[PDB]
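1. pasting an experimental structure, sequence included:
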Amino acid sequence: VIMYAXXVXXXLXXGXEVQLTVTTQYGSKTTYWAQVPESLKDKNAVXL
Amino acid sequence: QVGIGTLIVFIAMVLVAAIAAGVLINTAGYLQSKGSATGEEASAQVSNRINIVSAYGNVXXXXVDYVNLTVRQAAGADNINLXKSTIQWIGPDXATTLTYXXXXXXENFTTXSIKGXXXXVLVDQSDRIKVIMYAXXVXXXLXXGXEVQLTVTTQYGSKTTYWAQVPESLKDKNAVXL
Amino acid sequence: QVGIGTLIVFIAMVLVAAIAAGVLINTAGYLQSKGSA
Amino acid sequence: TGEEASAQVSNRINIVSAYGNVXXXXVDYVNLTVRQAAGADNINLXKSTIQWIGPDXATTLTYXXXXXXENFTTXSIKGXXXXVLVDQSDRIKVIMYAXXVXXXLXXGXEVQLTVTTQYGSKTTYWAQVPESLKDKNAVXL
Amino acid sequence: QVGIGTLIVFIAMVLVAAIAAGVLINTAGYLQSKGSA
Amino acid sequence: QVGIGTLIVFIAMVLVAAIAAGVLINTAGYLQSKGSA
Amino acid sequence: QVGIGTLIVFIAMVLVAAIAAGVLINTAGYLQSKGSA
Ligand SMILES: *[C@@H]1O[C@H](CO)[C@@H](O[C@@H]2O[C@H](C(=O)O)[C@@H](O[C@@H]3O[C@@H](C(=O)O)[C@@H](O)[C@H](OS(=O)(=O)O)[C@H]3O)[C@H](O)[C@H]2O)[C@H](O)[C@H]1O
Ligand SMILES: *[C@@H]1O[C@H](CO)[C@@H](O[C@@H]2O[C@H](C(=O)O)[C@@H](O[C@@H]3O[C@@H](C(=O)O)[C@@H](O)[C@H](OS(=O)(=O)O)[C@H]3O)[C@H](O)[C@H]2O)[C@H](O)[C@H]1O
Ligand SMILES: *[C@@H]1O[C@H](CO)[C@@H](O[C@@H]2O[C@H](C(=O)O)[C@@H](O[C@@H]3O[C@@H](C(=O)O)[C@@H](O)[C@H](OS(=O)(=O)O)[C@H]3O)[C@H](O)[C@H]2O)[C@H](O)[C@H]1O
Ligand SMILES: *[C@@H]1O[C@H](CO)[C@@H](O[C@@H]2O[C@H](C(=O)O)[C@@H](O[C@@H]3O[C@@H](C(=O)O)[C@@H](O)[C@H](OS(=O)(=O)O)[C@H]3O)[C@H](O)[C@H]2O)[C@H](O)[C@H]1O
Ligand SMILES: *[C@@H]1O[C@H](CO)[C@@H](O[C@@H]2O[C@H](C(=O)O)[C@@H](O[C@@H]3O[C@@H](C(=O)O)[C@@H](O)[C@H](OS(=O)(=O)O)[C@H]3O)[C@H](O)[C@H]2O)[C@H](O)[C@H]1O
């Protein structure tokens, strides 16, 4: 699932946390607390 | 007619179970997110720690004016930011808690680089950053014998203590090792 | 009707235990890699 | 119920270090430096209470604004707010007048501080004054 | 009505876990202060 | 709800280990500085 | 007439859950005092 964060919000810096709820058509809800690593120094890709 | 009655009650049971089933899962949804985050932060607090390799100090006239520390990230430590860390100075005159700045003085410390690209972050195991502390701008210089207690604390809460004991004599020493 | 209600809740209890099982292993997975390092 | 109980267990307030002033020949202030625990949310120190089991008076301290009497005052060591811990890197110093709560503090005396947050998580710190305070401007209880 | 029974029993396990959780934290606090001293 | 109860108890264990780990490292910290002097 | 049956049985479940719920609450209380001491 693709999400352009610099267009949705304002491009997350370090530490910035986002709470996502993916709700299916029938109604089932899945929560994910995607928290950016507190440091992004010399990292090409991170694991939220 | 009894068939008509049980049908409507049956519709109630599937809806009542669905509500009970639903909130049973979303409650587990919150706790698993909190449980996952708690495990990561708890391990970070234990592991992401700063090791103090060495500490020296410039000597003017006969009183130590600067206190420098070469810091290195501990074993198995992720990125450590030296701007989100506070150094607590338990000296002979004051007891302030130093914070980060940008070129030292006052009740703030500055970090110059030694080996690395970033002069404020410990990216790899092989980087050393020098923590500049102005003793003449925090207390009242640092004469002989006057020891201070420094505890560098990272943002996660890891604490490293170092007793900077000035040499008992400061005569004919341009720079000494605290 | 009680049997029907039990079956729906049974699915939730199965799924809830799976979620609790999952985080337990995944947390241990991160810890072993951090511990090994 | 699930949300509240999880906050009760998880959101806790940790204590980094303690230090206090030394006037004449005794300790008059007992300052702290608190920090959020693993995954703790916003901790409002204005809604928390500190239980003081001292050598003399054993009371429960509430919050005020500059401290004396039976209250504590919270200054901000590092952060935007000075009464609530928001980020993991926030440090707030609580100030407690030991010459107002009790009759100052001498050597050997120990204080049992229980910092209970609003939700209920309790952190206990056994502040022990050093057994000698000769020629010390500040100590580390 | 089987779903109803789960709800209150669910609430119970939240509390007993909270009660169980506490006894370790405050106990470990004592050995924390005692061990340091 | 057995899974839900496991989660909160799991949060207890990590914190307790975090407290216990904090004791040993800081306790060794003072000994390190005292021993060096 | 079928709706009368599920009402009374519903009353049984909440009490049965409450009876069971208390059992863990009070039992956890004993080990809390037992464990703390
Ligand atoms: C801890 O590390 C800091 C790193 O900056 C070091 O700082 C330097 O101390 C010098 C001195 O007080 O020891 C000071 O020296 C003056 O300025 C120099 C330069 O212009 O910066 C230079 O003119 C002269 O010193 S030197 O280059 O001959 O050594 C002197 O006039 C530096 O400015 C200062 O940054 C601390 O000394 C050390 O303890
Ligand atoms: C190590 O930790 C330090 C802690 O101070 C951190 O320093 C801060 O970095 C911020 C950013 O560069 O990441 C910078 O943020 C300011 O505020 C931003 C926003 O309004 O919040 C933005 O205006 C600017 O930053 S940025 O969006 O262009 O990146 C900036 O004005 C803080 O000023 C800076 O102290 C380090 O980044 C970290 O490595
Ligand atoms: C615990 O934390 C409290 C936080 O307030 C701290 O309180 C301050 O102690 C100062 C001193 O160390 O006793 C005291 O100093 C006087 O007042 C200063 C100012 O007007 O506030 C200043 O005039 C003088 O001190 S200084 O600026 O030269 O250092 C002095 O007359 C502060 O008023 C007091 O709030 C405790 O010390 C600490 O233990
Ligand atoms: C930590 O907790 C403190 C608790 O005092 C909080 O500060 C207080 O917040 C109150 C409110 O929650 O904003 C505010 O209350 C005032 O008085 C109320 C009433 O008359 O008693 C009411 O007018 C307003 O509040 S409210 O009813 O809308 O909630 C408000 O004017 C207190 O003045 C304020 O000190 C801190 O913010 C928190 O961090
Ligand atoms: C080395 O150890 C000696 C031990 O005698 C110590 O001196 C004594 O300290 C006492 C105290 O700890 O300050 C002091 O006690 C006096 O009497 C107390 C009471 O009336 O019995 C009380 O008034 C005062 O002490 S206290 O309650 O505040 O602790 C005090 O006036 C003794 O008189 C004193 O000889 C040295 O200080 C230490 O360096």
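-> Received, thanks. Numbering: from 1, shown residues only, chains lettered A, B, ... in the order given. Ligands and ions are numbered 1, 2, ... in the order given.
2. quick check: chain neighbours aside, which residue is closest to the residue nearest the centre of chain A?
-> Nearest to the geometric centre of chain A sits residue A:34, at 4.4 Å (Cα atoms, centre = their mean). With sequence-adjacent residues excluded and distances taken as Cβ to Cβ, 6 or more residues apart in numbering or on different chains, residue A:34 is closest to residue A:48, at 4.2 Å. No exception for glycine: its C-beta is placed from N, CA and C like everyone else's.
3. SS state for that neighbour?
-> coil (DSSP: H, G, I helix; E, B strand; the rest coil).
4. let me see the contact set for residue A:2.
-> Residues near residue A:2 by Cβ atoms under 8 Å, 6 or more residues apart in numbering or on different chains: none.
5. next, it: phi, psi?
-> phi -90, psi 140 (degrees, to the nearest 10).
6. the residue nearest to the centre of chain A is in contact with residue A:5, isn't it?
-> No - in this structure residue A:34 lies outside contact range of residue A:5 using Cβ atoms under 8 Å: 9.6 Å.
7. okay, and the beta partners of residue A:33?
-> Counting by DSSP bridges, residue A:33 is bridged to residue A:19.
8. what sits against the residue nearest to residue A:34?
-> Applying Cβ under 8 Å, 6+ apart, the residues near residue A:48 are A:34, A:35, A:36, A:37.
9. that one and ligand 5, how far apart?
-> 56 Å (Cβ to the nearest ligand atom, to the nearest Å).
10. ok, that residue to ligand 2 distance?
-> 17 Å.
11. try residue A:24
-> Residue A:24 sits 35 Å away from ligand 2, going by Cβ to the nearest ligand atom.
12. what about that residue, how many residues nearby?
-> Counted with other Cβ atoms under 10 Å in any protein chain shown, residues neighbouring residue A:24 total 8.
13. CA atoms of stretch A:24-38 as PDB?
-> Extracted as PDB, the C-alpha positions of stretch A:24-38 are listed here (Å, rounded to 0.1, in the frame of the first residue of the first chain):
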ATOM      1  CA  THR A  24     -12.000  -3.400   5.100                       C
ATOM      2  CA  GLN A  25     -15.200  -3.200   3.100                       C
ATOM      3  CA  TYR A  26     -17.100  -5.400   5.500                       C
ATOM      4  CA  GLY A  27     -16.000  -3.300   8.500                       C
ATOM      5  CA  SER A  28     -13.000  -5.100  10.000                       C
ATOM      6  CA  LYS A  29     -10.400  -2.700  11.400                       C
ATOM      7  CA  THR A  30      -6.700  -3.200  11.700                       C
ATOM      8  CA  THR A  31      -4.500  -0.700  13.700                       C
ATOM      9  CA  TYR A  32      -0.900   0.100  13.100                       C
ATOM     10  CA  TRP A  33       1.200   2.600  15.000                       C
ATOM     11  CA  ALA A  34       3.800   3.600  12.400                       C
ATOM     12  CA  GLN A  35       6.500   5.400  14.400                       C
ATOM     13  CA  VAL A  36       9.400   6.900  12.400                       C
ATOM     14  CA  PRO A  37      12.900   6.000  13.900                       C
ATOM     15  CA  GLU A  38      14.100   8.900  16.100                       C
END
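14. tell me which residues in that stretch are buried?
-> A:31, A:33, A:35, A:36, A:38 (16 or more other Cβ atoms under 10 Å in any protein chain shown).
15. give me the neighbour count for residue A:20.
-> So residue A:20, with other Cβ under 10 Å, has 13 neighbours.
16. that one touches residue A:8, doesn't it?
-> No - counting by Cβ under 8 Å, residue A:20 stays clear of residue A:8, with 10.9 Å between them.
17. which neighbours do those two share?
-> With Cβ under 8 Å, 6+ apart, residue A:20 and residue A:8 have no common neighbours.
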